[PDB]
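Peer 1:
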Amino acid sequence: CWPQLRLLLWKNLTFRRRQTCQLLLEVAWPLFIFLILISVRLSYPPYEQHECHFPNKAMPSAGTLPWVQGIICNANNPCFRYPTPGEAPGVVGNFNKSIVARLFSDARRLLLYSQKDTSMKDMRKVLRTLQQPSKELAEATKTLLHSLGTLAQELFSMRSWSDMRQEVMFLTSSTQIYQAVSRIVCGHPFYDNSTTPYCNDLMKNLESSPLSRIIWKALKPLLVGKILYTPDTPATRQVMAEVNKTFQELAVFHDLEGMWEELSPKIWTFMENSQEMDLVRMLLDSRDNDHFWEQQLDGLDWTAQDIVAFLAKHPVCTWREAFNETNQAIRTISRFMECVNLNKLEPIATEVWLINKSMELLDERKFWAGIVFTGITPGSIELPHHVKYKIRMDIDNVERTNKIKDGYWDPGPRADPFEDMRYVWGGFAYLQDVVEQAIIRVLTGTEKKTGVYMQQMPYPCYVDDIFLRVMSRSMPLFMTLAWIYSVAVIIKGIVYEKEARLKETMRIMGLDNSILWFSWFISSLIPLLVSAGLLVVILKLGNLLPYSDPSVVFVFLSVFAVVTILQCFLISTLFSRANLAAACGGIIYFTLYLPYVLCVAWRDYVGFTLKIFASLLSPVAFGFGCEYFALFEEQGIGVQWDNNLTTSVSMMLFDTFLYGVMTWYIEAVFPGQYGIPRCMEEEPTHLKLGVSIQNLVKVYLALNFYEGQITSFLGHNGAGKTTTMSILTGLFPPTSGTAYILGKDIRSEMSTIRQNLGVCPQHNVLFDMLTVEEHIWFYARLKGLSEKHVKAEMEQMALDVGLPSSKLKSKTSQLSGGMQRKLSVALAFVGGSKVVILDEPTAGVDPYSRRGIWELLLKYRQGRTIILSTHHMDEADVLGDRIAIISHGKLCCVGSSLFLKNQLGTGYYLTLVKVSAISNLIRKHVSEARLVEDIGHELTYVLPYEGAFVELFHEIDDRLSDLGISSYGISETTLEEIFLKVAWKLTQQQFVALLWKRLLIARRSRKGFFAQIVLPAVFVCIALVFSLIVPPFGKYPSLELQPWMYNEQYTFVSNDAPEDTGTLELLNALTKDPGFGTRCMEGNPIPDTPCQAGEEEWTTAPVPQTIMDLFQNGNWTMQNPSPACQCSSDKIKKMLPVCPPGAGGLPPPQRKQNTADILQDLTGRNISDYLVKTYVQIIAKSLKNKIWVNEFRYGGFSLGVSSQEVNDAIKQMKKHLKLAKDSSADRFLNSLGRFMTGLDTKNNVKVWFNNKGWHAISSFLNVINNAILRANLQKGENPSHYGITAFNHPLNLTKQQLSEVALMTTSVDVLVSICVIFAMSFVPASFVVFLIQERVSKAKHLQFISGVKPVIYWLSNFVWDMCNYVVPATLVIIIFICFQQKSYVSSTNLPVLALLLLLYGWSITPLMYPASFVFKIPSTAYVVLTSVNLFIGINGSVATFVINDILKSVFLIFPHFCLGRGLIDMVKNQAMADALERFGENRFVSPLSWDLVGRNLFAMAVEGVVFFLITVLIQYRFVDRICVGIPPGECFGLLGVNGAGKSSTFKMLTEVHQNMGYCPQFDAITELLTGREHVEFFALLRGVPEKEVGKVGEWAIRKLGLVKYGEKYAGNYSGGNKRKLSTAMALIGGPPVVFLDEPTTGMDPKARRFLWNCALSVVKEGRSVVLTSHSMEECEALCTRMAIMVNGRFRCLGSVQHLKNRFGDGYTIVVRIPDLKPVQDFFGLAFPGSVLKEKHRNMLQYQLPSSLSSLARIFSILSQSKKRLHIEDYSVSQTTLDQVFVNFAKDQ
Ligand SMILES: *[C@@H]1O[C@H](CO)[C@@H](O[C@@H]2O[C@H](CO)[C@@H](O[C@@H]3O[C@H](CO[C@@H]4O[C@H](CO)[C@@H](O)[C@H](O)[C@@H]4O)[C@@H](O)[C@H](O[C@@H]4O[C@H](CO)[C@@H](O)[C@H](O)[C@@H]4O)[C@@H]3O)[C@H](O)[C@H]2NC(C)=O)[C@H](O)[C@H]1NC(C)=O
Ligand SMILES: *[C@@H]1O[C@H](CO)[C@@H](O[C@@H]2O[C@H](CO)[C@@H](O)[C@H](O)[C@H]2NC(C)=O)[C@H](O)[C@H]1NC(C)=O
Ligand SMILES: CC(C)CCC[C@@H](C)[C@H]1CC[C@H]2[C@@H]3CC=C4C[C@@H](O)CC[C@]4(C)[C@H]3CC[C@]12C
Ligand SMILES: *[C@@H]1O[C@H](CO)[C@@H](O)[C@H](O)[C@H]1NC(C)=O
Ligand SMILES: *[C@@H]1O[C@H](CO)[C@@H](O)[C@H](O)[C@H]1NC(C)=O
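First residue of the sequence shown? That's 504 in the numbering used here, and the numbers climb one at a time after it.
Here is the structure:
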């Protein structure tokens, strides 16, 4: 067992090594594949991003100044990387260093101090008292000095105007300006015709200035926009008035220019020519007042000297420069605010007019969002207590509403300032909050009393490695490309070893399939294990899977190799071809791997039971293992031994076992075309008996085989010599019989019997890529010989073969057929086998190699029990020693040759070469004589039987010159006798005949290639049902802003400063019966979301044993209240950070709020740290369970705490100081007061929102607005039915968006066109494989012999292909028109597409014609043609994703590209017409336009034309004195030496075409047609009549026989039946001369004689025939004028007997008498030329050369010695033609 496996592995390794054409590519393909993989990996480095927070944004309701400050500077998500103070629950500032807020505070302080100051009245009273020393004068002067000091202090202690002046003088290199603006505004980290061109050029410079152009995108819809609303309902009018007021709150700069123009002269004269200023300047400079000013200044800067220099200046810095600078600043701000539109309110009567006006303003590039209410009627009723409003804006400023989530999860906070922040800079949230606050003010009455802020939740320290995620999850593709190459190669090898009948030869040699399968398993693992190790080390070195142990991936790759090896072992027993299996294995594996990519997309509702029942394949299990590896690798921890993967390995081993048992079942239930599905002479006892059969029988004989005699075994192959030879071997078991093979029964022991019993079947065994020496060594080792024994056997075989040279012993299987047959028959004798069973030797070999192999078998007659089994008669006569013929399953005759010849055989045959005189002489000499056969210059007679021989020969020799007899001959009876005794309009006729034959071969192909009609049909059906799934990608439905759009979410409410000031009732109403928003309140006004009613429990989740360590780790202050969580250590790439438990610190009290969600109280806890820790730990815990983790929390609220005095002060100040009622003084003061009282906020709420949710911030804003509404409602019946709902619905698409969606949709069109191209490329494949099947000498050349006009044949093929493609064309047309695809089923697009498909077929059917010319193999062009068609289609599709003009002009040669471009332009025009009809216009451009579609049609037409012309062109491509005369009825057989060019001469020698018939050596008949139809079609093409066709067919079917099987498939016939069909074809037209070639090839007796009778009958009618073959018996029995050509020239000509007597050898004699040496001595002394050819017991034979003329004396001596030598039997024969042939070939 072990030595056999050793020989098997050695043979497999030698096969793998001797190729040198497959293993190098096998080992190089994975290198290139993974090199491309490592290159595309190294091109994408991993992106690392530290954890960061985001500043809080301010809404317009929380103050105009903070809103503007949040818009301008901090609107880019700077990611400070540290917790900003804005995220603190107490402070809502972050504008502490902003000089604008400081300046506003100092201005407010100046106002509130000047209103309560009385320095003006005090100074006026002091001046009046001084103008009208004293006692009260001192007190008055002291009061005036104190008042002046207070005014000086008020002018000081502000430090804002100085900084503003410094900044405005510095502003009037790129980083410096940005830093200056950032320090000024906030803290530290065609248009010219509309309005004036000043701010137009300003905004142009802003857009062209080199900085972050994001603030302009937010400031454009702020002062250029315009909002429009519903009809003029009084309530809508009131809310619009409130919105206008909250906009104009910032209009204090509009009426400031008039105030400055009115107040400039007054302050000018007050500072120039006022007595108060002079008195102040005089009192500021004195001898005692200086100390007072120094004491009042408190050591501050700008002492009294600087004050006197600044104020007291009649003519370096005085008040004049300050006045000029303030005037310039006011002028600049007025010119800036001039073109600012603050009246952006326009009412509309209806809704369609609203849409039209919004579009019109969109063309004007000035249009903000628009509010659309849902009023029931324009009545005086305020509100229906439920406000439903929508906000319609442009699509480029609002997030898409067709999707609410990114779909696949991916790390990243999603905080881009422009790409995914349209709800901030677009103005959606601002206007939404403004409208909501206006509604709150108009419903209840409260004005604001509320601030709102938005805070984005931070992200916990991720890294961006999406490439690793997409590569490690798509590992099997590039992991198994090279392994698909390997499995294809190994499948090719296996099926090649199987098809050559090598497995059957190994089985009959005494081997089982188990050891063969095991050896193939090992020889397929070894290279697979090597490649697995190489891929493991190249993946460990590639740095793409770090921290991964090589052992686990190595064992995974090895078990995957094992399961794939057993999978291909299962798949191999289904195919029966080398290239076919090698090509279809890859596509079958792809189709069975496609389930993986099919199931990975629908993982949402996949079950574990479904996963188990679907994991029966190896690719899906490998994909599950790769997903496990990815999930354990992405987190940086890697995969190690930690006890999923084990389930995947278990399923893989179960799959291996299932594949093994399936292989074991299929190898037995369905085998190939060769497997098995589950007058007796004296017995010479001089030698030993080797095999003695006894009672041989089967399911519906006894012969004793001898040792030293070469016995024969003849039969009809139907009743014997076929089942008996199989029962004698180990193929089939016996049935009530016995066979003692060398003293061992067959049924008793079968192993020891096969150890010394060789076999040699008809199919020779010769492994390729190997030498004959390796073959001999392997066979000797398999026999069981030792090393020296095998060497001696190989030396003996090399010495006895005849090729003892290194040129032949070290060469591969490149010898001729004769040498191959000789070596294959010599292999069966290696090993010293005592019993050999040959099978059909010398089938079609030349007579020289036949004599060689005969001498070879004769040299091995030293007791080897040679059992011959062949159909040849002369071979069995010369080789067989004991001829045994059986019939009907029983023994009939047995005995030697001469015994069977003289017992029941016919008498002698006397022939004469060149008739009544000779016949009369023969009748007078012998009474029993008769005339047997007389042919051209030849006659023969029979002598059935003895002194008449001498007298007859004397009379023949004496009267030889009397008649025309030129030479005589005598012969004995051959074994075949005993065998048979015992057991013009012709063009149209050819056209219609071709069409009829083609229709018959196509209609009878229901079981054959019939899939070429329904396979493209189902492919196009799948194409359409897949195209009816992708959304139009151009829809935007109306979505209601509500936070419950997601499945599950976690909210929270953080109550800061619980002092019951204004925050208690707010959170209360937030957590009352109505809940968060409008989910359920006296009904469910939200579709498909019924809320749960019964739930009320304030409990804490069960905490594990983690609070103990928190207790022993006490002193957890507000700063750092939880243990740290590390990040991205060196050389450790971690996607999500991990750290020990205790991340949150304490489980907050969880409670459900009856809205399908649960909230937790976070009062007094660090919000940012807790949120980060909880989020990261929950994401990790959810990802650990293989759930495809989604988002966890979306939003939460934090309530906290942050007037009329300033308004009363402004009113009191405006009442005095020259009050008036003009529109330039009172309006400015009123606006200033309103802006002052519109910035204070009592309480505020901060909404923490996650930017991953597309509609999260707006929904929570609406929720908090509804909560504020329910809290502000007082003295109401119930807050249930008081709620506000917000909607989001963009406007209609314009021409730009329509063009965008028409240009972007080309992806679905190209992907639906590629597949339909692939489906339509299947029709010509059947035509090409049909032409290939009938191209290899089957029907092309045979029809080309006779007059066929091959151009007409090509025309017929073309028209049949057209009419056979018409049917599937309209079939698929009605298929894809049955569906409602308006882009194809319209009345103007159906005929153009139909004709496009028609011309595409017309242009593709000739293109695949020349690919069939040079292709010498059938049933394999299908896959390569489909592959090249797919490649051409892919190239043409990708070539349209771009120099484009010349590209599309030159790429029109491929019809696939033309069809793709036509479909693309057709669907593009359909979409364009649809968009233009939707917009309100019409276009009727015809698709038949020569520029668009119609150039491709004419191109395909002319291309098909030129392809047909060039295919007709390719077909046309633009011996030594051979002299012989063939008269009427002269069978002139022209034989020749091996390699004399007989086929070339026959092709060269072939009016003359129609008068000549040809018979091919190989079978030429259709596999699916009928023989009668074959002969009918051939009679039609021959030129017979249309009415006499049936009679000619019946005559042809009755002449050649086989009438019982005349109506049947020709492919299901046998070899002899095919030969009969071919020789009937050779006479279908009835030519005067017909050329035959090997009429009998592997046939059986009782049928060759029939063909010979038909041949002699057709040549007897005066029609000469020409034939040639290797078997000399056929020509010696049929040919009458032989023509032997040695080298190019006819070396011998004449009759058969004349040539055999002229250059042939002498006669042969056989005498039968233990024995006596005296008889042999007398025989040797009587003839001088006597030679002992063979010496046996009581049977001698001799040969007499150069003694043919003395036959009479020889017969006389024989008759005289019959009584002296006591001879029992005598026989005399002549030399046959084979001796003459081998003599002519020997001396050559
Ligand atoms: C909730 O929990 C988070 C953490 O989980 C807390 O955040 C901690 O507290 C501060 C933020 O609120 C952070 O302090 C900052 O730390 C920066 C780090 O710089 C180094 O710090 C180490 C000490 O860790 C020093 O030895 C080094 O020398 C560095 O200074 C400081 O740079 C930063 O200092 C600021 O610098 C800017 C720019 O120069 C100044 O303008 C500013 O005035 C200030 O000086 C500041 O000290 C702290 O790192 C952060 N994390 C930790 C682990 O403590 C929240 O505070 C918690 N919430 C509440 C309400 O407390
Ligand atoms: C809405 O507000 C705008 C300004 O915020 C008002 O327009 C003012 O009044 C007339 C136009 O109506 C102009 O002459 C003024 O220059 C505008 N600006 C100012 C500051 O007065 C408009 O009147 C308001 N409309 C309603 C219905 O209140
Ligand atoms: C209510 C508040 C927030 C609005 C007023 C903010 C003021 C102080 C800011 C906002 C816009 C700023 C102006 C923007 C444009 C220009 C034009 C430039 O050539 C000179 C500076 C100047 C004139 C800036 C001066 C300061 C400015 C007017
Ligand atoms: C600046 O921050 C300090 C911190 O204590 C605070 O007291 C002060 O009011 C802030 N200034 C503002 C908000 O203008
Ligand atoms: C906008 O699109 C809707 C969608 O059907 C349509 O009903 C409406 O008429 C369109 N309006 C305009 C002005 O095109």
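The C-beta atom is built at its ideal place from N, Cα and C for all residues, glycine as well.
At 4 residues or longer, what runs of the alpha helix (DSSP H) sit wholly inside the segment 1103-1142?
Peer 2: 1111-1117, 1121-1136
Peer 1: Using C-beta distances below 6 Å, list every residue in its chain close to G573, excluding the 5 sequence neighbours before and after it, in chain order.
Peer 2: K560, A561
Peer 1: Return the chain-ordered list of same chain residues with a C-beta closer than 6 Å to the C-beta of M2128, the five sequence neighbours on each side being excluded.
Peer 2: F2081
Peer 1: Could you say which of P1174, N597, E885, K2149 lies nearest to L1483 if we only look at CA atoms?
Peer 2: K2149
Peer 1: Kindly list the residues whose CB is nearer than 6 Å to the CB of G1580, restricted to its own chain and excluding five residues on each side of it in sequence; keep chain order.
Peer 2: The answer, listed in chain order, is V1766, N1769.
Peer 1: Work out the CA separation of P2217 and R1257 for me, nearest whole Å.
Peer 2: 36 Å
Peer 1: Taking 8 Å as the cut-off, does the CB of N599 come closer than this to any heavy atom belonging to ligand 1?
Peer 2: no
Peer 1: Using a Cβ-based criterion (distance less than 8 Å to any ligand heavy atom), does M743 qualify as near ligand 7?
Peer 2: As for ligand 7, it is missing from this structure, which binds only ligand 1, ligand 2, ligand 3, ligand 4 and ligand 5.
Peer 1: Nearest CA to the CA of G1110: which residue from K1689, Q1800, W805?
Peer 2: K1689
Peer 1: Can you pull the DSSP bridge partners for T2211?
Peer 2: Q2246, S2276
Peer 1: Going along the chain, which residues of its own chain have a beta-carbon closer than 8 Å to the beta-carbon of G2209, five neighbours each way excluded?
Peer 2: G2232, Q2246, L2247, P2248, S2249, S2250, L2251, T2278
Peer 1: Would the C-beta of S1557 count as close to ligand 1, meaning under 8 Å from any of its heavy atoms?
Peer 2: For ligand 1, not one heavy atom lies less than 8 Å from the Cβ of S1557.
Peer 1: Let me check you understand the geometry: is the CB of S685 closer than 8 Å to at least one non-hydrogen atom of ligand 1?
Peer 2: Checking every heavy atom of ligand 1 against the Cβ of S685, none is found closer than 8 Å.
Peer 1: Collect the residues with a C-beta less than 5 Å away from any heavy atom of ligand 2 and give them in sequence order along the chain.
Peer 2: Working through the chain, the matches are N747, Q751, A754, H757, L845, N846.
Peer 1: For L1341, which residues from the same chain have a beta carbon less than 6 Å from its beta carbon, with the 5 sequence-adjacent residues on both sides left out?
Peer 2: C1263, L1371
Peer 1: How about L1245 and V1293: are their beta carbons less than 9 Å apart?
Peer 2: no
Peer 1: Drop a sphere of 10 angstroms on the beta-carbon of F2287, count the other beta-carbons inside from all chains shown, and report buried for 16 or more, exposed for fewer.
Peer 2: So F2287 counts as buried.
Peer 1: How many angstroms separate the CA atom of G2119 from the CA atom of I1196?
Peer 2: The alpha-carbon atoms of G2119 and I1196 are separated by roughly 31 Å.
Peer 1: How is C1087 classed by DSSP in three states: helix, strand or coil?
Peer 2: helix
Peer 1: Assess, as a yes-or-no matter, whether the segment 1062-1078 is touched by the segment 989-1006 under the definition of 3 or more beta carbon pairs within less than 8 Å.
Peer 2: yes
Peer 1: Determine contact between the segment 1892-1899 and the segment 1529-1546, defined as no fewer than three beta-carbon pairs at a distance below 8 Å.
Peer 2: No: the two stretches stay apart, fewer than three of their Cβ pairs being nearer than 8 Å.
Peer 1: Going along the chain, which unbroken runs of the alpha helix (DSSP H) with 4 or more residues stay wholly within the segment 2123-2161?
Peer 2: none
Peer 1: What is the rounded straight-line gap between the Cα of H1266 and the Cα of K1325?
Peer 2: 13 Å
Peer 1: Under three-state DSSP, which class holds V1100?
Peer 2: helix
Peer 1: Might you give, ordered along the chain, the residues of its own chain that have their beta carbon closer than 8 Å to the beta carbon of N1972, omitting 5 neighbours on each side?
Peer 2: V1988, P1990, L1995
Peer 1: Entirely within the segment 1913-1995 and at least 4 residues each: give me those alpha helix (DSSP H) ranges in chain order.
Peer 2: 1924-1941, 1947-1953, 1958-1982
Peer 1: Please confirm if the segment 2189-2199 is in contact with the segment 2034-2051, defined as three or more CB-CB distances below 8 Å between the two stretches.
Peer 2: yes
Peer 1: With which residues is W1751 paired in a DSSP beta bridge?
Peer 2: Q958, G1699
Peer 1: Candidates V1164, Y1092, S977, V1055: which alpha carbon is nearest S989's?
Peer 2: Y1092
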